[PDB]
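Trainee: First the structure, then my questions, so here it is.
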Amino acid sequence: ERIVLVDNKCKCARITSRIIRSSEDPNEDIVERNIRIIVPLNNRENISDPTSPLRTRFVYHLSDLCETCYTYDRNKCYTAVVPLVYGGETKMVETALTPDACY
Amino acid sequence: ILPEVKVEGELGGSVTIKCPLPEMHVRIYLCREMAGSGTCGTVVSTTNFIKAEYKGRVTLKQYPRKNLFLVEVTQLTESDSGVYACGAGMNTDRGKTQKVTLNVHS
Amino acid sequence: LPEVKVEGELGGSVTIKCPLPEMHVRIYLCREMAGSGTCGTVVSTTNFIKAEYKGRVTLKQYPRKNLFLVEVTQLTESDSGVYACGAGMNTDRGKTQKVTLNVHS
Amino acid sequence: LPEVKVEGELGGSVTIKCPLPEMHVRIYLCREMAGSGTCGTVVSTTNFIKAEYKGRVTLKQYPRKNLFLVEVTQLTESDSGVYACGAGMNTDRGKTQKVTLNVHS
Amino acid sequence: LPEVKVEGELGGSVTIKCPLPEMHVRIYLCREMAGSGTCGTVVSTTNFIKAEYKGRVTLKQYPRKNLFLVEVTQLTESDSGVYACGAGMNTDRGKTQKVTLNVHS
Amino acid sequence: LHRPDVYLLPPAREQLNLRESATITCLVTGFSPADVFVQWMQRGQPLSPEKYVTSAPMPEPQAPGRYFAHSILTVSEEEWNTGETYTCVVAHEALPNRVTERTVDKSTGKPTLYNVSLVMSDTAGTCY
Amino acid sequence: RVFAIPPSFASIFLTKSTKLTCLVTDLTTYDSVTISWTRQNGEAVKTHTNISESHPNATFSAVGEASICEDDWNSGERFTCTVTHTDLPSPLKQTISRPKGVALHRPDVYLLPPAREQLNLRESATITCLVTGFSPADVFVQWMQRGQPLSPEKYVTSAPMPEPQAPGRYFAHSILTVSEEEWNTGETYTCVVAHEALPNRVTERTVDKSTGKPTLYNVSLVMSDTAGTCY
Amino acid sequence: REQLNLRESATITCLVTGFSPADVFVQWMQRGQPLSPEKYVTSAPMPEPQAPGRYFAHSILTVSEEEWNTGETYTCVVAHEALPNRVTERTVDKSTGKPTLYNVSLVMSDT
Amino acid sequence: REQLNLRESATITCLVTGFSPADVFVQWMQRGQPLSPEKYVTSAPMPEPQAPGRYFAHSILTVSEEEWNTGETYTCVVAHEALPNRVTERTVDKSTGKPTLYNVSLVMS
Ligand SMILES: *[C@@H]1O[C@H](CO)[C@@H](O[C@@H]2O[C@H](CO)[C@@H](O)[C@H](O)[C@H]2NC(C)=O)[C@H](O)[C@H]1NC(C)=O
Ligand SMILES: *[C@@H]1O[C@H](CO)[C@@H](O)[C@H](O)[C@H]1NC(C)=O
Ligand SMILES: *[C@@H]1O[C@H](CO)[C@@H](O)[C@H](O)[C@H]1NC(C)=O
Ligand SMILES: *[C@@H]1O[C@H](CO)[C@@H](O)[C@H](O)[C@H]1NC(C)=O
Ligand SMILES: *[C@@H]1O[C@H](CO)[C@@H](O)[C@H](O)[C@H]1NC(C)=O
């Protein structure tokens, strides 16, 4: 019944809508609008860099939804580079920040 | 939402359960979610695991060709009833993909 | 998990059969009040006998068949509910086996 | 993001430098009212020059260096605030560049 | 409210003058620690002399002038702060009079 | 020479109180030089020309070179229980895609309630 | 005593250049000693020069290295290391065979902050890093602070040990110790690990004061234009 | 908490540090009843880098996630020849790292 | 609570119940250092009224409120002759059972 206006996965906002029938009449058919955001309190500021401070402020301009990101995507891989000094050989190596989703 | 396939037993002795097999995921479980809290408790899963109660009566066979995985449970008792789920990923709750119900007429 | 669904008659006595586990000292036959999600212990190894059941119940443990038997003498309408038996310091967290009771009169 | 922090003198004229983007037809030099979180369009390619700025401002676009220049003739105390410039049908969603203005007299 | 701003010298002794009220039995000379909004009782009629001030202070009450006098023998840099005196069970909700102390050496 | 801006409006709230009919208005402004016409299609099927009534291009109140036009259409009141969305369209030479299909439905419009249900968790990182 | 150390996955993975070493110790000092390498079919491979100097306590300390193909090692071909000394006329033969690979599995990395009671003492804080359930045993672990690697002597790493709950599975530990002031200055520490199963061969977890079991949840939820225009 | 999301098992770790000399003894029990010795593993005393001659050790125990959630407490006991009573205990449960307080601040607007 | 609104001292009690036989040993130590036996008192094994063939004891410790508001785990060790290894201990601090506190600050507009 409910149509979907927004399915953003970066902000996990699901804007939907539905019109409910009145008490056996075509009048006062009140419309609805459901919004469901799921805030992550453990994610960092720069989601692709595990050194930036924690994410405190959350700004949601609903107009844009219907680029800084807040949450990860179950269908994608995030990677980075770290210096491994193994054998006295400082070496930048790629690292799967979000493993199990890079297979 | 995803399908709500339902199965029955017609007296105990054997039962068979099938759920869709997702791609690019290594974990597969059949948690029963039969708890008052609601937190699903993984019964039989890959990545090596099993249920303290459910042992020797539970097995998993993944078939990528049919995009399905198969779990076979021998016999039947009163405890192993109610509902069951299926899914993938590394979060038993929030990662489900089906809601199957198990019942026995015995 | 298992339910004895024990049955009896008004007056006389009825025996409640519950499993006697090992590595668990306190053994109780809690009564599922089911009021505000709280269970009140009827009898325990701590010699805790409820006032309403004082002088009418007993608990005997003997690890022969890994069973402890609790007998309830006399009977009243009040004695017609659920008496989950279990072990552990927290009574509510235990109560492994569930049983039901009624009156036939 | 970038701030020209352009400066000028009372009277005369001052030129505001803002980037001219591609795949965006409407180009505006909105004024950040910052009253109830609303920005009012001063000029646009759709042809709308605010009444207070009528006959004193112009907007010329030429994709030579990917820049569009807006000139403000005359000057008043009122002309001493923020004029975020941007593109797109929505005005309070663009504001690609922020700039500040003042008066020296 | 009133401040004696009492002054003294290193060594010797200094007398703190504070009002002796009626209908209040516990009389104390609390020290305003002003650390986490807390005041620690230095002396009281209930008999509690802080360890740091043990054997160096005394409290004598006389109804002659609705005044009670407290004497501090010896002196240390530590003895250079605020010693609000008051009455009642709650020490932080009394502090009838505030006073300051210092050292001259 | 500017892009012809277009808009659409739903029937009035007080109009849905006599139970006779309803009107939907598609406003077309700009399109310099004035070259537009509107065809009201529903479900991809053009409606009869006798229903929608386009009139003429008219200069804007302040018209350096701009113009505008208005076109309405008449429907039945009892048919709005399902919407059907009654799509509008415009055509002009100063358009990269020379079509700007515009459509609205009972569902689209002013929300009469805002049921926001935000949640806080420390396991939303993945946003399954 | 003749000691043989096979090359590690990390060496072959990072340094790329791979070699196997046999060393002798607890042996009377005697020059003119030959170090050789033998496969199961008897073929000999080149042994490298630059033998290590003898230990100051009058005992041997030598290095002998050779290069064998990584595909050859993956083929599971048995190799033998031999050394010659006049004291023992019979050369000592030892095996450095690589047993291919048993079922591969990914190592779950959990990183935990210092205990609350420990911080009460306000002396020093210890951060742990529990790798878990990796088969086989080949995990290289390291620590860096705010993008700068730390000395290997500032932390201690365990060795793979069997897992009672999981047959054919191994786990390991690692702890780092720092002063309380450093932990209380929002400094950030991470525990990078390296294993064959890892898809990128390297993964990392990170914690700081704010993320390790925090006391407060400061949040500034702010939304605007809720009505807007949504389609 | 990351391990808990799997709804399979849980690992409590007991960390003994700073003692000298070696030969410490660690055992696990709950509600006063000793636990089976086939469910936990203990490391041997290992030298401490900065410390001149002090050692450390660590033991881990695996329990069902359900059991952790049920609310059961698990105590860890160490026996060394230097403690005045030669015995010490610690305790952890679900109520250990709960956030002490929230400070949310919604500022809903339409402009 | 009302004891602490005095700024002079606080008392911590260590109730021991249901043991048999007598001769239980209780002492108070702070962060591994046993405290002087003069700083605390102890009751004597007296019978449990409703529970027959049983005993219970008591022990209190006086302490300044200045230092109680800073930490000092203050564990209470008990030495009976029927414990699994003859010794047990418990501890409580200023934040033993503080619950969760919400500070919602809606700026609804
Ligand atoms: C967030 O982190 C990313 C990754 O470090 C930053 O972008 C990288 O910047 C470096 C140079 O500083 C480049 O080598 C990388 O190629 C960039 N990453 C990508 C994906 O292009 C990014 O700038 C950071 N954001 C902030 C605000 O600091
Ligand atoms: C309001 O939102 C809640 C949460 O999504 C939902 O359960 C409820 O049905 C909604 N109410 C209406 C009238 O849509
Ligand atoms: C908590 O948030 C406020 C703003 O809402 C900020 O002023 C303060 O610094 C934050 N607390 C910390 C510890 O950063
Ligand atoms: C708590 O929230 C208020 C309101 O945002 C803020 O002013 C204050 O700084 C916050 N406290 C902390 C410790 O973050
Ligand atoms: C509680 O909320 C009030 C009002 O916003 C704020 O002033 C105060 O700092 C908050 N306290 C904490 C500990 O955040």
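Chain labels follow the order of the structure tokens: the first chain is A, the next B, and so on; residue numbering restarts at 1 in every chain, and ligands are counted from 1 in their shown order.
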Select all residues from chain C having any atom no more than 9 Å from an atom of chain I (counting only C-alpha atoms, ignoring ligands), output as a list in words.
Mentor: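 Result: residues 46, 47 and 48 of chain C.
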Trainee: Please superimpose chain D upon chain C, fitting all C-alpha atoms matched one to one in order, and report the result as a PDB file with C-alpha atoms, in the first residue's frame.
Mentor:
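result37.pdb was written with the following content:
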ATOM      1  CA  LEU D   1      10.520 -26.831  28.656  1.00  0.00           C
ATOM      2  CA  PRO D   2       8.794 -30.169  29.624  1.00  0.00           C
ATOM      3  CA  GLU D   3       5.305 -30.036  31.251  1.00  0.00           C
ATOM      4  CA  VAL D   4       4.202 -32.828  33.671  1.00  0.00           C
ATOM      5  CA  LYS D   5       0.623 -31.411  33.555  1.00  0.00           C
ATOM      6  CA  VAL D   6       0.331 -33.285  36.917  1.00  0.00           C
ATOM      7  CA  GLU D   7      -3.316 -33.724  38.063  1.00  0.00           C
ATOM      8  CA  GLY D   8      -4.886 -34.456  41.462  1.00  0.00           C
ATOM      9  CA  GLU D   9      -7.967 -34.325  43.688  1.00  0.00           C
ATOM     10  CA  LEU D  10      -9.203 -31.963  46.378  1.00  0.00           C
ATOM     11  CA  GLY D  11      -7.689 -33.024  49.664  1.00  0.00           C
ATOM     12  CA  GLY D  12      -5.206 -35.855  49.894  1.00  0.00           C
ATOM     13  CA  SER D  13      -1.802 -35.107  48.410  1.00  0.00           C
ATOM     14  CA  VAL D  14      -0.087 -34.804  44.999  1.00  0.00           C
ATOM     15  CA  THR D  15       3.625 -35.362  44.130  1.00  0.00           C
ATOM     16  CA  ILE D  16       5.428 -32.926  41.743  1.00  0.00           C
ATOM     17  CA  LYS D  17       8.227 -34.610  39.703  1.00  0.00           C
ATOM     18  CA  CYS D  18      11.116 -32.265  38.708  1.00  0.00           C
ATOM     19  CA  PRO D  19      14.699 -32.989  37.448  1.00  0.00           C
ATOM     20  CA  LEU D  20      17.542 -32.762  40.035  1.00  0.00           C
ATOM     21  CA  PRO D  21      20.565 -31.153  38.223  1.00  0.00           C
ATOM     22  CA  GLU D  22      24.263 -31.251  39.296  1.00  0.00           C
ATOM     23  CA  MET D  23      26.660 -28.289  39.957  1.00  0.00           C
ATOM     24  CA  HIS D  24      23.551 -26.371  41.260  1.00  0.00           C
ATOM     25  CA  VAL D  25      23.008 -26.457  45.051  1.00  0.00           C
ATOM     26  CA  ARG D  26      19.879 -24.255  45.538  1.00  0.00           C
ATOM     27  CA  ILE D  27      16.857 -26.266  44.226  1.00  0.00           C
ATOM     28  CA  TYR D  28      13.432 -24.525  44.299  1.00  0.00           C
ATOM     29  CA  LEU D  29       9.797 -25.085  43.169  1.00  0.00           C
ATOM     30  CA  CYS D  30       8.882 -21.440  42.358  1.00  0.00           C
ATOM     31  CA  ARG D  31       5.202 -20.504  41.723  1.00  0.00           C
ATOM     32  CA  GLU D  32       4.682 -18.494  38.486  1.00  0.00           C
ATOM     33  CA  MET D  33       2.676 -15.541  39.920  1.00  0.00           C
ATOM     34  CA  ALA D  34       2.637 -14.058  36.366  1.00  0.00           C
ATOM     35  CA  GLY D  35       1.407 -10.742  37.864  1.00  0.00           C
ATOM     36  CA  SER D  36       4.134  -8.118  37.258  1.00  0.00           C
ATOM     37  CA  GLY D  37       6.515 -10.683  35.680  1.00  0.00           C
ATOM     38  CA  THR D  38       7.704 -11.967  39.099  1.00  0.00           C
ATOM     39  CA  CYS D  39       7.920 -15.564  40.469  1.00  0.00           C
ATOM     40  CA  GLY D  40       7.776 -16.184  44.267  1.00  0.00           C
ATOM     41  CA  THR D  41       9.806 -19.079  45.779  1.00  0.00           C
ATOM     42  CA  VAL D  42       7.405 -21.597  47.440  1.00  0.00           C
ATOM     43  CA  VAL D  43      10.208 -23.877  48.810  1.00  0.00           C
ATOM     44  CA  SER D  44      14.036 -24.017  48.585  1.00  0.00           C
ATOM     45  CA  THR D  45      17.041 -26.013  49.904  1.00  0.00           C
ATOM     46  CA  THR D  46      18.022 -22.776  51.736  1.00  0.00           C
ATOM     47  CA  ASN D  47      14.938 -23.518  53.946  1.00  0.00           C
ATOM     48  CA  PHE D  48      12.123 -21.073  53.012  1.00  0.00           C
ATOM     49  CA  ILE D  49       8.516 -22.391  52.977  1.00  0.00           C
ATOM     50  CA  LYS D  50       6.008 -19.651  52.069  1.00  0.00           C
ATOM     51  CA  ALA D  51       3.555 -18.824  54.848  1.00  0.00           C
ATOM     52  CA  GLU D  52       0.535 -19.951  52.814  1.00  0.00           C
ATOM     53  CA  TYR D  53       2.260 -23.329  52.298  1.00  0.00           C
ATOM     54  CA  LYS D  54       3.788 -23.663  55.776  1.00  0.00           C
ATOM     55  CA  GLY D  55       3.495 -27.176  57.175  1.00  0.00           C
ATOM     56  CA  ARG D  56       1.957 -28.591  53.986  1.00  0.00           C
ATOM     57  CA  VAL D  57       4.918 -29.107  51.611  1.00  0.00           C
ATOM     58  CA  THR D  58       8.274 -30.874  51.686  1.00  0.00           C
ATOM     59  CA  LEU D  59      11.295 -31.306  49.410  1.00  0.00           C
ATOM     60  CA  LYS D  60      13.363 -34.509  49.361  1.00  0.00           C
ATOM     61  CA  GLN D  61      16.437 -34.868  47.142  1.00  0.00           C
ATOM     62  CA  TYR D  62      18.091 -38.186  46.258  1.00  0.00           C
ATOM     63  CA  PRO D  63      20.401 -38.475  43.230  1.00  0.00           C
ATOM     64  CA  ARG D  64      19.259 -41.993  42.344  1.00  0.00           C
ATOM     65  CA  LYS D  65      17.543 -41.230  39.018  1.00  0.00           C
ATOM     66  CA  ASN D  66      18.604 -37.543  39.053  1.00  0.00           C
ATOM     67  CA  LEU D  67      15.200 -36.583  40.432  1.00  0.00           C
ATOM     68  CA  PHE D  68      13.946 -34.577  43.401  1.00  0.00           C
ATOM     69  CA  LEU D  69      10.327 -35.021  44.482  1.00  0.00           C
ATOM     70  CA  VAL D  70       8.154 -32.371  46.142  1.00  0.00           C
ATOM     71  CA  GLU D  71       4.892 -33.344  47.842  1.00  0.00           C
ATOM     72  CA  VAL D  72       1.975 -30.983  48.480  1.00  0.00           C
ATOM     73  CA  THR D  73      -0.383 -32.167  51.217  1.00  0.00           C
ATOM     74  CA  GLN D  74      -4.016 -30.960  51.344  1.00  0.00           C
ATOM     75  CA  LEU D  75      -5.348 -28.902  48.379  1.00  0.00           C
ATOM     76  CA  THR D  76      -7.157 -25.554  47.819  1.00  0.00           C
ATOM     77  CA  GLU D  77      -8.524 -23.698  44.747  1.00  0.00           C
ATOM     78  CA  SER D  78      -5.443 -21.434  45.181  1.00  0.00           C
ATOM     79  CA  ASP D  79      -3.409 -24.617  44.434  1.00  0.00           C
ATOM     80  CA  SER D  80      -4.333 -24.630  40.694  1.00  0.00           C
ATOM     81  CA  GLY D  81      -1.662 -22.772  38.654  1.00  0.00           C
ATOM     82  CA  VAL D  82       1.947 -23.026  37.345  1.00  0.00           C
ATOM     83  CA  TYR D  83       4.885 -24.101  39.594  1.00  0.00           C
ATOM     84  CA  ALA D  84       8.074 -23.789  37.463  1.00  0.00           C
ATOM     85  CA  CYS D  85      10.932 -25.675  39.230  1.00  0.00           C
ATOM     86  CA  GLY D  86      14.629 -24.770  38.731  1.00  0.00           C
ATOM     87  CA  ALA D  87      18.013 -24.030  40.358  1.00  0.00           C
ATOM     88  CA  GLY D  88      20.638 -21.266  40.791  1.00  0.00           C
ATOM     89  CA  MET D  89      20.628 -18.230  43.135  1.00  0.00           C
ATOM     90  CA  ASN D  90      18.436 -16.254  40.662  1.00  0.00           C
ATOM     91  CA  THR D  91      14.836 -17.601  40.702  1.00  0.00           C
ATOM     92  CA  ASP D  92      13.283 -15.884  37.627  1.00  0.00           C
ATOM     93  CA  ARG D  93      16.283 -17.136  35.555  1.00  0.00           C
ATOM     94  CA  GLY D  94      16.040 -20.891  36.337  1.00  0.00           C
ATOM     95  CA  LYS D  95      12.550 -22.451  35.935  1.00  0.00           C
ATOM     96  CA  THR D  96      14.158 -25.476  34.167  1.00  0.00           C
ATOM     97  CA  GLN D  97      10.780 -27.324  33.953  1.00  0.00           C
ATOM     98  CA  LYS D  98       7.192 -25.915  33.893  1.00  0.00           C
ATOM     99  CA  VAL D  99       4.184 -27.734  35.399  1.00  0.00           C
ATOM    100  CA  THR D 100       0.463 -27.093  35.853  1.00  0.00           C
ATOM    101  CA  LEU D 101      -1.916 -27.957  38.683  1.00  0.00           C
ATOM    102  CA  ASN D 102      -5.690 -27.997  39.130  1.00  0.00           C
ATOM    103  CA  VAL D 103      -8.444 -29.350  41.391  1.00  0.00           C
ATOM    104  CA  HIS D 104     -11.050 -32.053  40.706  1.00  0.00           C
ATOM    105  CA  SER D 105     -14.068 -31.503  42.962  1.00  0.00           C
TER     106      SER D 105
END
Trainee: Collect all residues with atoms no farther than 8 Å from ligand 5, counting only C-alpha atoms and all ligand atoms, and output them as a compact mmCIF listing (two decimals) with C-alpha atoms, in the first residue's frame.
Mentor:
# COMPACT_ATOMS: atom_id res chain seq x y z
CA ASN G 218 26.40 13.48 23.59
CA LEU H 101 23.75 9.09 30.93
CA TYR H 102 22.24 10.35 27.65
CA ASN H 103 22.32 13.99 26.50
CA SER H 105 18.85 17.39 21.98
CA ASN I 103 18.37 14.51 29.50
CA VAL I 104 16.06 15.00 26.51
CA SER I 105 16.00 18.66 25.45
Trainee: Do me a favour and pick out the residues of chain B within 6 Å of chain H, using only C-alpha atoms, as a PyMOL selection string.
Mentor: chain B and resi 41-42+90-92
Trainee: Skipping near chain neighbours, those fewer than 6 positions away, what residues fall within 10 Å of residue B:3 using only C-alpha atoms, listed as number ranges by chain?
Mentor: B: 19, 97-100
Trainee: Identify, counting only C-alpha atoms and all ligand atoms, the protein, DNA and RNA residues located within 10 Å of ligand 2, and give them as a short mmCIF file (atom, residue, chain, number, x, y, z; two decimals) with N, CA, C and O atoms, in the first residue's frame.
Mentor:
data_model
loop_
_atom_site.label_atom_id
_atom_site.label_comp_id
_atom_site.auth_asym_id
_atom_site.auth_seq_id
_atom_site.Cartn_x
_atom_site.Cartn_y
_atom_site.Cartn_z
N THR A 16 8.00 7.48 3.21
CA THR A 16 6.91 6.79 2.54
C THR A 16 5.62 7.57 2.77
O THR A 16 5.62 8.62 3.43
N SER A 17 4.52 7.07 2.23
CA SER A 17 3.24 7.76 2.33
C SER A 17 2.11 6.77 2.14
O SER A 17 2.28 5.72 1.51
N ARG A 18 0.95 7.11 2.70
CA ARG A 18 -0.25 6.30 2.56
C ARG A 18 -1.46 7.16 2.89
O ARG A 18 -1.40 8.03 3.76
N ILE A 19 -2.56 6.90 2.19
CA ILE A 19 -3.83 7.56 2.44
C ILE A 19 -4.80 6.53 3.01
O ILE A 19 -5.02 5.48 2.40
N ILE A 20 -5.36 6.84 4.17
CA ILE A 20 -6.26 5.93 4.88
C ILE A 20 -7.70 6.32 4.58
O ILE A 20 -8.05 7.51 4.57
N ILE A 30 -7.62 11.70 5.34
CA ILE A 30 -6.37 12.28 5.81
C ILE A 30 -5.19 11.52 5.22
O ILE A 30 -5.19 10.28 5.15
N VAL A 31 -4.19 12.26 4.77
CA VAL A 31 -2.98 11.67 4.20
C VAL A 31 -1.94 11.52 5.30
O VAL A 31 -2.02 12.15 6.36
N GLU A 32 -0.95 10.67 5.05
CA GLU A 32 0.08 10.36 6.03
C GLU A 32 1.46 10.48 5.39
O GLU A 32 1.60 10.56 4.17
N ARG A 33 2.49 10.49 6.24
CA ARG A 33 3.87 10.54 5.77
C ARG A 33 4.76 10.00 6.88
O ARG A 33 4.87 10.63 7.94
N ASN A 34 5.39 8.86 6.65
CA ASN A 34 6.20 8.18 7.65
C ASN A 34 7.68 8.36 7.34
O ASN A 34 8.12 8.10 6.21
N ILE A 35 8.45 8.80 8.34
CA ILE A 35 9.89 8.98 8.23
C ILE A 35 10.56 8.13 9.30
O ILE A 35 10.12 8.12 10.45
N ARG A 36 11.61 7.40 8.91
CA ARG A 36 12.31 6.49 9.86
C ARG A 36 13.82 6.61 9.65
O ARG A 36 14.34 5.96 8.74
N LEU F 113 -0.12 15.07 8.27
CA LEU F 113 0.52 14.62 9.54
C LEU F 113 1.95 14.17 9.25
O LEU F 113 2.21 13.72 8.11
N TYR F 114 2.85 14.30 10.23
CA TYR F 114 4.27 13.93 10.02
C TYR F 114 4.69 12.92 11.09
O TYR F 114 5.12 13.35 12.18
N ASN F 115 4.56 11.63 10.78
CA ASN F 115 4.88 10.57 11.78
C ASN F 115 6.38 10.26 11.72
O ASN F 115 6.75 9.23 11.13
N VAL F 116 7.21 11.13 12.31
CA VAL F 116 8.68 10.88 12.37
C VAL F 116 8.95 9.83 13.46
O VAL F 116 8.38 9.97 14.56
N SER F 117 9.78 8.83 13.16
CA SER F 117 10.14 7.79 14.16
C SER F 117 11.65 7.53 14.12
O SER F 117 12.05 6.46 13.63
N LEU F 118 12.44 8.48 14.62
CA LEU F 118 13.92 8.34 14.61
C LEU F 118 14.34 7.38 15.73
O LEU F 118 13.66 7.36 16.77
#
